[PDB]
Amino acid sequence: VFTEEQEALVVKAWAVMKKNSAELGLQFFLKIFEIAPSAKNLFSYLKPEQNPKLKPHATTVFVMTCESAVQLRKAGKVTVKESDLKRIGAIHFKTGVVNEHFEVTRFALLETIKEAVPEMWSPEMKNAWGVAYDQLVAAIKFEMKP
């Protein structure tokens, strides 16, 4: 169960990091592609890793993760609109985003956060971010079908 403490951690960390989300987004994607260069292929428009569209995807991940933390504490579930979730779910399903991609991204997300606010980093900070993300992903994965 997602706690008020974990919510506070995600909310404040994001509050801090959000001041430099430009540097943060670039770092995040550079981490994703350092680990799995071939993940590049999934973003069909990539065929510099400088691409315009990559920066908002990065921040979406951050914002929606922080939002899930809030909703999880408030209502005990991800309460993202049923329709936003179907739409996000379908695109990921159709471009071939698989578990390993979500998983590389989780790992990249945590590293990016550890590097960005090393002064707020701790295993509870890591887990709070990790769990909000996991619940967000599971809400999306339920909508990854035909």
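Numbering starts at 1 and runs along the sequence shown.
The stretch of deposited sequence separating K47 from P48 contains 4 to 9 residues lacking coordinates in this entry. The mean C-alpha temperature factor is higher for 31 to 39 when 101 to 109 and 31 to 39 are set side by side. Look at the C-alpha B-factors of 132 to 140 and of 119 to 127. On average they run higher in 119 to 127.
The deposited CA B-factor of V10 belongs to the lowest third of values across its chain. In the PDB entry, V78 places in the middle third of its chain by CA B-factor. Placement of the Cα temperature factor of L54 within the chain: highest third of the modelled residues, per the deposited record.
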